[PDB]
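Novice: task: produce atomic coordinates for the following.
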Amino acid sequence: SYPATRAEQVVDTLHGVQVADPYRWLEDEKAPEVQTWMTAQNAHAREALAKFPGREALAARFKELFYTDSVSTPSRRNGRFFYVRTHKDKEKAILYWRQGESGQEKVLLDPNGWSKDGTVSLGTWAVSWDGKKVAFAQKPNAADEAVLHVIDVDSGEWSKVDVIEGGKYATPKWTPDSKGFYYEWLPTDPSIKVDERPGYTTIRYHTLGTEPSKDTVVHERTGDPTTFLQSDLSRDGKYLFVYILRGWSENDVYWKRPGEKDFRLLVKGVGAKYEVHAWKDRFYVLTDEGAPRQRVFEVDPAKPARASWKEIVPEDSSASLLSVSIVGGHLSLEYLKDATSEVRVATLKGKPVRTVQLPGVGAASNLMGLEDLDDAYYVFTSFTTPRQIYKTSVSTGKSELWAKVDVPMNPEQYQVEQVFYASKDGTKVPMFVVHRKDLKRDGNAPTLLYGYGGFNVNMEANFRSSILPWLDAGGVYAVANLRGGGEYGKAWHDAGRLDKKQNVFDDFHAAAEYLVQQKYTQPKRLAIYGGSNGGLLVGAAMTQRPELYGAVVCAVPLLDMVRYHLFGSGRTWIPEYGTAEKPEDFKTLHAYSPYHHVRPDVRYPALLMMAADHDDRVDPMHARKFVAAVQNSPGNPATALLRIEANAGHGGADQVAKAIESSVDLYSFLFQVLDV
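Specialist: Numbering: from 1, shown residues only. Let me share the structure:
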């Protein structure tokens, strides 16, 4: 609570309703008073954290766990392999290449050398089809803003001509001739307001070796900051696709043969999404149209009207179809069955071939490879199993372990449960519960409950070494598959967005109640964690039902839902949340907006706000205003800290040492406030 925060009497009348904003002044980070306050809040948080218990042991253990030897799945181009490694003595991962399967590897891009202090990161990278060039993003502070560069693989020379600012949204699509790439571009025009900028994305083509001002405009902007514009290109270069994405629930698809004058409309989505892959002059369309758990159509480009589409993979009787890839002349279909993935190989005509046999219960990626390569890879993890990569033959189903991350832990000490609990409305919600096998079910284990609940995002059994000290201290880690996610398909997502957002929060309150009912824990020993839309989640949870929770960790959050659309990338989430600019949407948002529901004379859970100084996606003002409201809430005795990570974007600083520090801070906060 340490630094004082002046409260003002700012009020606005929105749709006939008075809305108070006492900490409005903290929105503008350009004001010196706000910078001074930020510094003082962070200093207070670091001072407080430094006194919390277990820190030397946590730091040593996280150092042993977070520095790893790992390798990514390889991108194969013209006999060369390209892949990222981590090393135990490096702060950032490095991009390598080699000639042939067992050629000697060489460093291609080492972001550890891009600055003296780790403040420039590698973003997206795309290898040319000839294996001679890599187009890649450099991202200051690992924030979203990106500049595209190109490196010559044989020489390691960075192009001085092929440098393109405004690459935030770009994923380069190289043409088969390796002479240039399609990409998503933003103009740098100082008269465009930050909140309107997302409506200016354009598709351009960059020819290597030419000035980017000469890049052709392939598709003009939508002019609508509630959309994304994205392109894709078939392997043969014959089909160019442009998507207009309206949030995470619907999209349009346009296409042409490059050189044609006009785009053709494939489909205009009305409450349905469509993703297309072209191979050998057929289009494979993955969609939720008339199929909440998705299905696949084959479309003939010569007869592309909807009536002529042929269903080749019908909607499954129970499983959610998440993605389709074309590998080795086959379809690879990634399904989710009660939040656990299954991968199925089918022919191009949709006939089942086989199910990929996984090593165990956990999370598997879809097969990754190329349409004309028989070798395809997948990644497998579990809550207790570090990443394993398998190399498989699409044609035969042979599978071999290709890589495994060695981590100094003993998986046999832990178990993972999957449970199903009823929400307020009776919905059965899945949850994973992870703990030592010898956990006493005495209602007193320190428990950390994680959720997100939105944007069609699924909570899966990812391996996180960060939870191991918690489990070893007798803690429970729980992950709820709240509505708003995609776990049970479109119906799951739709029941947790827009006017139904409150269902997500109700699902989370019910998870907290379940963990107590089932003798894992009690409120004073229960913490909740979420980030971004998950930050909104935990802010809503703590303002609605503070009595259920002992502590809250809230990362890079949205919390003023009446004003979120005015800052950063906010307008792009209007299709998910609505906008307070509209009366009906306002009523919904105002009812849950955590910043507007810090009631006085309430003992809140202890609060640790984990903010980032260079978050150019989710505006940092939300965490400032909310922490001020909690610190100054009459009769709140619980700690409320604002920790600001330096040189950090929305996903952190991309520096292992800083990740260690953040985890030490998080878990030492928990040990203190839950009395571990």
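Novice: quick one: residues contacting the closest residue to residue 323 other than its chain neighbours.
Specialist: Excluding the flanking residues, the one nearest residue 323 by C-beta to C-beta, 6 or more residues apart in numbering is residue 334, at 4.6 Å. In this view, the C-beta of every residue, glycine as well, is placed from N, C-alpha and C. Each residue near residue 334 by C-beta atoms under 8 Å, 6 or more residues apart in numbering is listed here: 321-325, 341-343, 364-366.
Novice: then residue 486?
Specialist: Residue 486 neighbours (C-beta under 8 Å, 6+ apart): 320, 322, 336, 456-458, 492-493.
Novice: nearest to residue 520, of these?
Specialist: For those, the residue nearest residue 520 by C-beta to C-beta is residue 458; the value is 23.2 Å.
Novice: mind telling me what element the closest one is part of?
Specialist: Take DSSP states H and E as the rule and residue 458 turns out to sit in neither a helix nor a strand.
Novice: pull the contacting residues for the residue nearest to residue 7 when sequence neighbours are not counted.
Specialist: Leaving aside its chain neighbours, residue 7 sits nearest to residue 22 (4.1 Å; criterion: C-beta to C-beta, 6+ apart). By C-beta under 8 Å, 6+ apart, residue 22 lies in contact with 7-10, 628-629.
Novice: for PyMOL, what selects the buried ones among the contacts of residue 334?
Specialist: Provided next is the PyMOL selection string for whichever of the contacts of residue 334 are buried by 16 or more other C-beta atoms under 10 Å:
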select buried, resi 321+322+323+324+325+341+343+364+365+366
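Novice: take the contacts of residue 334 and keep only those in strands.
Specialist: 321-325, 341-343, 364 (DSSP state E).
Novice: need the contacts of residue 22 in a markdown table (columns: secondary structure, neighbour count and distance to residue 304).
Specialist: As requested, those are exported to a markdown table (DSSP: H, G, I helix; E, B strand; the rest coil; neighbours: other C-beta atoms under 10 Å; distance: C-beta to C-beta, whole Å):
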| residue | secondary structure | neighbour count | distance to residue 304 |
| --- | --- | --- | --- |
| 7 | coil | 14 | 60 |
| 8 | coil | 11 | 58 |
| 9 | coil | 8 | 60 |
| 10 | coil | 12 | 54 |
| 628 | helix | 26 | 55 |
| 629 | helix | 23 | 54 |
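Novice: what's the closest of these to residue 104?
Specialist: residue 628 (56.4 Å).
Novice: name whatever forms a beta bridge with the nearest residue to residue 460 once chain neighbours are set aside.
Specialist: Residue nearest to residue 460 in three dimensions, not counting chain neighbours: residue 363, with 4.1 Å by C-beta to C-beta, 6+ apart. Counting by DSSP bridges, residue 363 is bridged to residue 381.
Novice: closest to the centroid, which residue in this structure?
Specialist: residue 457 (7.7 Å; C-alpha atoms, centre = their mean).
Novice: make sure it is actually in contact with residue 482.
Specialist: No: applying C-beta atoms under 8 Å as the test, residue 457 and residue 482 come out as separate, 10.0 Å apart.
Novice: now the strands: where do they sit in the stretch 351-500 of the chain?
Specialist: 352-355, 363-364, 375-382, 385-393, 399-404, 414-422, 428-436, 447-450, 476-480 (DSSP state E, counting those that start in this stretch).
Novice: nearest to residue 304, of those?
Specialist: strand 352-355 (26.6 Å).
Novice: show residues contacting the closest one.
Specialist: By C-beta under 8 Å, 6+ apart, strand 352-355 touches 330, 342-347, 397.
Novice: hmm, 7 Å instead?
Specialist: 330, 342, 344-347, 397 (C-beta atoms under 7 Å, 6 or more residues apart in numbering).
Novice: over to stretch 318-327?
Specialist: 277, 279, 284, 286, 293-296, 331-337, 342, 366-371, 376, 394, 486-489.
Novice: now, of these, which are buried?
Specialist: The buried subset of the contacts of stretch 318-327 - by 16+ other C-beta under 10 Å - is 277, 279, 284, 286, 293-296, 331-336, 366-371, 376, 394, 486-489.
Novice: quick check: phi and psi at residue 625.
Specialist: phi -60, psi -40 (degrees, to the nearest 10).
Novice: let me know how buried it is, in neighbour terms.
Specialist: 24 (other C-beta atoms under 10 Å).
Novice: tell me how far it lies from residue 605.
Specialist: 18 Å (C-beta to C-beta, to the nearest Å).
Novice: now do residue 446
Specialist: Distance from residue 446 to residue 605, by C-beta to C-beta: 14 Å.
Novice: residue 122 now?
Specialist: For residue 122 relative to residue 605 (C-beta to C-beta), the value is 38 Å.
Novice: more crowded one of the two?
Specialist: Legend: neighbour count by other C-beta under 10 Å for residue 122 and residue 605, higher for residue 605 (26 against 22).
Novice: residues contacting the more buried one?
Specialist: Neighbours of residue 605 in contact, by C-beta under 7 Å, 6+ apart: 542, 546, 549-552, 638.
Novice: list just the nearest of these to residue 511.
Specialist: residue 549 (11.2 Å).
Novice: hang on, isn't the closest one packed against residue 528?
Specialist: Yes: taking C-beta atoms under 7 Å as the definition, residue 549 is a contact partner of residue 528 at 5.7 Å.
Novice: can you give me the strands for the stretch 1-150 of the chain?
Specialist: Along the stretch 1-150 of the chain, counting by DSSP E, counting those that start in this stretch, strands occupy 11-14, 17-20, 70-71, 75-77, 80-86, 94-99, 106-109, 120-127, 133-140, 147-152.
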